[PDB]
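Next come the chains, spelled out residue by residue.
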Amino acid sequence: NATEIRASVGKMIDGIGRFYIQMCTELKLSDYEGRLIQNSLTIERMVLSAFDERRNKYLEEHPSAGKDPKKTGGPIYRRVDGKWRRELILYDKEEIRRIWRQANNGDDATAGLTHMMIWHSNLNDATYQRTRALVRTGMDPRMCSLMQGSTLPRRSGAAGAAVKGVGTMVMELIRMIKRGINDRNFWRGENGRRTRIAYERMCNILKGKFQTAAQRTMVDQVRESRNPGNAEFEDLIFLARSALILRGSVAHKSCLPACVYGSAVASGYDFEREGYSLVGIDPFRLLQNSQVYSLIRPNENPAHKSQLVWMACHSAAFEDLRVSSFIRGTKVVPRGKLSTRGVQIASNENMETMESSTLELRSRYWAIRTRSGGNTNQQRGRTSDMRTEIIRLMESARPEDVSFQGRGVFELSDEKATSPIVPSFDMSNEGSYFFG
Amino acid sequence: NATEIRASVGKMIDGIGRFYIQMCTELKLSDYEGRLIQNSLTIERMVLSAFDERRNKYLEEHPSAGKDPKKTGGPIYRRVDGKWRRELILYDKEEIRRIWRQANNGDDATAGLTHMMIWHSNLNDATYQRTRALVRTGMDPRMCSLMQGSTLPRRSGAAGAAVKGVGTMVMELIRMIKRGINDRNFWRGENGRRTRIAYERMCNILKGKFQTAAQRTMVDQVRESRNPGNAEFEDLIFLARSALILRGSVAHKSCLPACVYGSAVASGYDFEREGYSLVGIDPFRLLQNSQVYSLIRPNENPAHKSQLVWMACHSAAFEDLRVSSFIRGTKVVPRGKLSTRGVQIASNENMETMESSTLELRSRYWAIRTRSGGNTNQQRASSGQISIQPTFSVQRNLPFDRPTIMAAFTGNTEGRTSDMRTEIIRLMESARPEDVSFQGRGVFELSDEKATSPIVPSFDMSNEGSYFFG
Amino acid sequence: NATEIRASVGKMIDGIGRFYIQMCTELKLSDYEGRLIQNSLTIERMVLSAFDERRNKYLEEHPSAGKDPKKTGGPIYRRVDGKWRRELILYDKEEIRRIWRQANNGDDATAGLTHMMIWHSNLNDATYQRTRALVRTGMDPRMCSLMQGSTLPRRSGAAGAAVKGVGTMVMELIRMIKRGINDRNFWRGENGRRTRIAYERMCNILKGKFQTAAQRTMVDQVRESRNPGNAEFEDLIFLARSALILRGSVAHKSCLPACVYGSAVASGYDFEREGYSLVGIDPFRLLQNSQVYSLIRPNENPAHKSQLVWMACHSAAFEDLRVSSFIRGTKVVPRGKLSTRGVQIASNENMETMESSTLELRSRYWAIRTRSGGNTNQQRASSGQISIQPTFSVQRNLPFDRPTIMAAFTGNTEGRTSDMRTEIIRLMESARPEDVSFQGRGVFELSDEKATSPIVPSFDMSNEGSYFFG
Amino acid sequence: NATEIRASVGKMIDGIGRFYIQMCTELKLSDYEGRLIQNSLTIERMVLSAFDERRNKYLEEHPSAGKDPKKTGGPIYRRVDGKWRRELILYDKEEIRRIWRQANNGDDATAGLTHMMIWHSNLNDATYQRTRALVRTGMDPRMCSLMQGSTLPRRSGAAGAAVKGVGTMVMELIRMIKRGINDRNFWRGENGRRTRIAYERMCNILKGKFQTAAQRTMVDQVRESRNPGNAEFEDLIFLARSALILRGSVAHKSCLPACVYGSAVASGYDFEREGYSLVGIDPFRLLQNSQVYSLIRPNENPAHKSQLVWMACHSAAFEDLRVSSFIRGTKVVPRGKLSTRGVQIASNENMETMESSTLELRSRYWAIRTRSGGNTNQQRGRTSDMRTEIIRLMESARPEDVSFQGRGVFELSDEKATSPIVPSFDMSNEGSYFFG
RNA sequence: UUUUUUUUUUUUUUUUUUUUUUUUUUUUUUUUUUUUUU
RNA sequence: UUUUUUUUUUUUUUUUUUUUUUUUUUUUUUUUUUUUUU
């Protein structure tokens, strides 16, 4: 049944929106200031810093960074008669812990935490990707496309584990392998047993993510090495460059700004009654009547900022630019010529130059975002023997194979997925590559 | 942590200063004679000749050069009632070996050796640069700027290897390549294996010195030649003329005269307690209250000699003249019109003409000297995606950059020639003589100790000449 | 070094004695009631029930036995004006967990746990041995002498594993073998892997316990059976009846009553300073000035109770009665005619009949208790040469023992049956009830502290009976 | 030329005999007491403890074992009117160092040191062999025959290295391998370089010791492992059990008691003039007119003691018993039923029971002792491939192949090796095995 | 015609043993009592 | 119909670099001097 899942997610987002309502009540912010992305961003890093129970335990025994008992950051942006000012207001974790507890009807609301942390991962992937660490592990910078969910820490659950990319898992496992190579860390002690356990958990997440049998079997055989040394490093690099084309079935969770939920809940649109979905039309139509204000530099233009915000909201920064333009109805500029900077504001930037303006989120069309792979795969002793079939499959692969047969782009006016329209692009080589 | 490094360097320089104190005690020199650069210079060549264990072993089996059992040179300069006299006093190595051993609390003090030999390399680079060898290998004399640390022999460690210039490594590797071309020296014997090993050690020092990925990769591919012949010669010449603009991150170690440390230690300024640094304010403030005497020819002027000594001390002979003038506060004369000669005195020069006088080392300002590079690389490579991920479920093609996909699992033979040149040339064309470097850093005042607030310099004085040679 | 081990054991027993002091403070018991064995016994079953983390986890998911959340038993015995009364006072585990944590200076003190559980095993072996289980597995009741450390569960560490007898391991392994025979439990799952692991751990404990090479090799070959069926059952029974004479080197850990440590610690005798030992004179001299009170039935006599308590303290219930009498200086009555019962009191016994009195622990002599074996193996195997080397250059054959040369590179299948039996049987026939053991060691006097001069005992008192059971 | 070697060894043994003469002069011992093996044995451990410059340096920095500045042991045995008494007389090293220096005409006489330490190794091999260490390394006790020169430390030179057995080298190399396995000792430091150097020196000694090409090649390939781990352990165990039959050409150096040389030198028999040899008739004829007294327990018999002393002198404890009996002319009892104990006397044994008597060293015949192997060998990727030829050679080997063709046992009266007599034994299976 | 190198604690009570070693959890048991009974 | 584990120091000045690192020796050179000469 799907009604129970819809009711659960509706209750969750209703609690999130009511928490947004109460923070707006408590912060004494104006109507416009309640529609600012920066305030929600800072509040949600406060959120993660309050439920990072592992880091809370680590920092209680580590009183450093000066004035850091329970309070971090808090750069609240406020309006005086047109101008803007930031105040470093410090909030302790514990009261916000109870305000959450009262916001979800006595529950912890860890799932909502997973969705907010994933949405932060989505915005991070949209804005900046780290070839720095990618080459710190020595892997080439030609796989920036598999850094989805890279900023997500381990503390997230299965729902968080679903959206992390294959390359993110590759980076996380190589970190553990290099740590176990630097020092003899795999002893029979509890630490070795626990890192072992985390290793097979991440590995069966990996093998669940893939679709073709060959890569699943080679991941199975990579496990057979009780002592991860150097050979497994190139083995899993080969796994990664095979997943470049033999991509894993990774989900795309559609989370939206902290405000969008709050504005919807404030207006009285109860999500429990009519039901809510995370993959269907829902996050599209909530943005059809949503107003969002944002802060922009004197050199930054808002036109690219709105498109980057739509990237962050729908996690389409790793998709083809042509398709995103089709759903937008307007051309989407690649990151090569974006005359904009990161959404977050640096701690040293002055305030006389900063200017607030609206963001456009309206899209002409809507589409389903399933956790499936291209139809091209369906059309098609050690690790090297399977690398042979990897190579022959790569040779069989073509840049022409059309995927996603039987599905299409839909119009906004339809609600039950009745009749789509088939898109068709013949616009030469505009560039289907967000980076470069 | 940085406290441990500061304590170590403080202990080292304290031992050096105490050795200077004991040499002053043993040589029966006066107070003024203990502030002479020449005495410290001769004593420190004695130092290197005593720890040159490789050369010690080579000369024990090679008893030549007449009276040379254990003693070399030793031209000690002394004052009689205003006049000067040199005595060729010969000191054997071994007693000075034990005096060092007692000076560093039972330790060998090889790091201090590295800093003194680097400081000799700094003074040599400041005074004279060898286009003679630069054209002996056939390389043009336009690259005299990359002869930093040229006089440094191989015996120095990693700290010594950090300050050697890119051109110094180029010269050292071309020497080995020419030796291996003259005779079939790369055999499977131990000599070939050891020269091979030294070769990759010098090469990963090189690739550590650079900053941009293209030159690191081409250095990696130069290694793939198991038999260094003629092609690698022009390959590494191209590497050098690329490093002319794509300069390597080479450190600048701030060593000071043998006396300056001794005078500071004698006064009781313990460096272990308050800590010491080699890059920060430290060598600047020690020179703020340091007195130095030097020997000058009857034709030489002391005004340029003091500036050349400041060059040698702070290894700023390869820097822009305008900046050095700004920190000095006075104009720094380029080597074209320096009416002076080398600091060291020739063995045949007479003594009635020689005159001793003070040197000025005070500077109006101070600045940090990091081992970083300046704005150069621009629009060379931005990686870029190779694959795509389906976010929306739309019936569409999945664009794959196939020809690079094949270059990821296999590949042909791009080569080091007619391939990396395009990138090097493209980057050189993108480079401009206008690009300002070192953003976010500035020149500081002496009165500040914690790097609080700098002042931004600005020169509009036409074309005074930012070129020490020529 | 031995000083560190002595300091560690001294700290451990000091913590144990301080915990005894604090329990005496908290229980509001009198001076006499603090010298009762029963109170310490009940408190120490509370101790084991509080650190039985495996059983704690098993019982949290199994809430049975009525009122059993965290509290078990607790029959505290108290005096009213001469008479005695038991109260079933229930203590939860957790507060005693923290009181331990504060008693060992923030440490868990698991080693002390091992020694107390071993001492409970020692008293259990002294009082009652189970031929019930010995014949439940079908093994004959003739081997009651190898039930040392039988009550010890697996949770003990290596120190606990050292004192468990060979027969205890035989029983534990036969239990696992019968469980694996009843059901197909050796699957490739985690349970099979873990029971496998515990099996080789118990087996290398076994082979470490033995001394002669033949039994070690046959234990090695018993391992080669991946599927323990029926043949291994008689194989290891043969191993056990061979260890009857070819006894294993099993240690004898000298633990003493919960009170004895507490009284010693209360008086201020710090064991860390002067050092402590578990094998030497130490537990002997602490009992030389120790007062112990105990509970005795109206029919039980205290004379045999004191001797049984000395058995339990020094784990000498499996030794020769004559030797124990010699160290005692008084005759030790065997269990055949002991007009006494178990030390522990049944839950239904009335209190008007129960009477408290002192126990005698003074011994005339003292002896070392090493984990060595006695004279047994004789004319079993002397290796011998297999090859020869030509010393003189003489035209002669080179004798090579070829059939063993083929057995050194290859081999058939000798088997564990009809092969090692011959050696075992041969050695048993070579064994005699006359062979004197422990040459070079003797019984010592109390007044000596450094093991200077012993006295050689000599018994010619016919056949008084060197057999505690029967 | 061989005259120079003969002159050198004659000068060396003349110096040794003159040092024996001077020790007899200095110790104030009687004529009988100068013919006791125990006195020479103790004096020669004093000798080795005085030239053990490595141990001297190690003990100067390690002042332990109570009163041990420069003096060790010294249990001198003396006669009072028939009875015997031991005195623990302590001699410092340094004066004996100069007395040596004056005894060899200003030279160190390290070669003589090598021969005395080898002769101690010979007596140790004759008396007791250590299966204790042989099984400490885990090797089976079925190779006690290859423990020749086991007690010899590394300090000996090439002459000492020649007589050490193959099994001795196997034990020494396994010790280093186990030490390098326990800790990461093969670093680029000087210690690793020096242990490396000692390793190839011991290995080319090994490959020089062997005769057939297959084992030399497999020893060459064992070297190719830069990191000696576990596989090389069984590799070299296979090497050892192959050398069981494919024995190495190990020399047998004929050293004699400290006294025998002294008595010969005292009588005026200059060895420089007539020449001396270590392999030929020489040590045989010097024992033909040598008188030796020894100490015997009240239960020990002198008949087996004399034979064991002849074993120690001629290092024939690892040879066939039948051949040794033939040269003796009397039956040689194997160690199984020797009702005797070690030659050296324990420090706690009482003196009222001890009795001194003569030893018989006369032999009916004499034979050359070359460093060659049996004629049976002349009649005949990894380590396992060569193990295959090892197995086939072992199968080709027979316990019947007669060796040493063209050589025979000689009579005493002949001096120039003119005519031998061929021995022939048909005495069933008396037992050609000294142990077991 | 083939050769003196040194790296943190060992060995002569004796002849084949003896020696700085460790908290894992899987479906119902046990203190009426000492060798049976389920 | 698929899920909150914690182990010794990191990160919001910014968008693809920058950062606790080390004594090896092989057949004849060099301080009359500063860019030639052998």
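Conventions and cut-offs
- Residues numbered from 1 in each chain as written, not as in the entry; some residues may be left out.
- Chains lettered and ligands numbered in written order.
- Heavy atoms only, no water.
- Residues with missing side-chain atoms left out of burial classes, pairs and counts.
- UniProt positions renumbered as here; feature names shortened; annotations may be inferred.
- Helix = DSSP H or I, 4+ residues; strand = E, 2+ residues; numbered from the N terminus.
- Contact = heavy atoms within 4.5 Å.
- Nonpolar A, V, L, I, M, F, W, Y, C, P; charged D, E, K, R; others polar.

This deposited entry lists cryo-EM as its structure determination method and 9.2 Å as its resolution.

In the nomenclature of the PDB entry, chain A is known as Nucleoprotein of Influenza A virus. This entry appears in the Protein Data Bank under the title "Structure of influenza A RNP, 4xNP local reconstruction, class 4". One UniProt comment on chain A, placed under Sequence similarities (unreviewed entry), says "Belongs to the influenza viruses nucleoprotein family." What UniProt records for chain A under Subunit (unreviewed entry) is the sentence "Homomultimerizes to form the nucleocapsid. May bind host exportin-1/XPO1. Binds to viral genomic RNA. Protein-RNA contacts are mediated by a combination of electrostatic interactions between positively charged residues and the phosphate backbone and planar interactions between aromatic side chains and bases."

Labelled according to the PDB entry, chain B appears under the name Nucleoprotein, originating from Influenza A virus. Quoted verbatim from the Sequence similarities (unreviewed entry) field of the UniProt record, the comment on chain B reads "Belongs to the influenza viruses nucleoprotein family." Under the UniProt heading Subunit (unreviewed entry), the entry covering chain B gives this text: "Homomultimerizes to form the nucleocapsid. May bind host exportin-1/XPO1. Binds to viral genomic RNA. Protein-RNA contacts are mediated by a combination of electrostatic interactions between positively charged residues and the phosphate backbone and planar interactions between aromatic side chains and bases."

Observations regarding the overall build of chain B
Each helix and strand in chain B was counted, giving 18 helices and 6 strands. For chain B, the spread of C-alpha atoms along the three principal axes comes to 100 × 60 × 45 Å. Counting only contacts in chain B whose residues sit at least 6 apart along the sequence, the fraction spanning at least 24 positions is 62%.

Considerations on the interface of chain C and chain D
Listed by partner, the interface residues are 13 residues for chain C and 14 residues for chain D. Counted by class, the side of chain C that touches chain D contains 5 nonpolar, 7 polar and 1 charged residues.

Looking at unusual backbone geometry
Although it is not a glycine, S315 of chain B sits at a positive phi angle of roughly 55°. Structurally, the position occupied by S315 of chain B is in the loop between α15 (302-314) and α16 (321-328). One non-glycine residue with positive phi stands out, namely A65 of chain D, at about 60°. Mapped onto the elements of the fold, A65 of chain D is located in the loop between α3 (53-60) and β1 (75-80).

Overview of the environment of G192 of chain B
Residues and elements named next belong to chain B. With respect to the secondary-structure elements, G192 resides in helix α9 (residues 190-209). As for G192 and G180, which are separated by 12 residues in sequence, their C-alpha atoms are 9.5 Å apart. Apart from residues lying up to four places away in sequence, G192 is in contact with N185 and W187.

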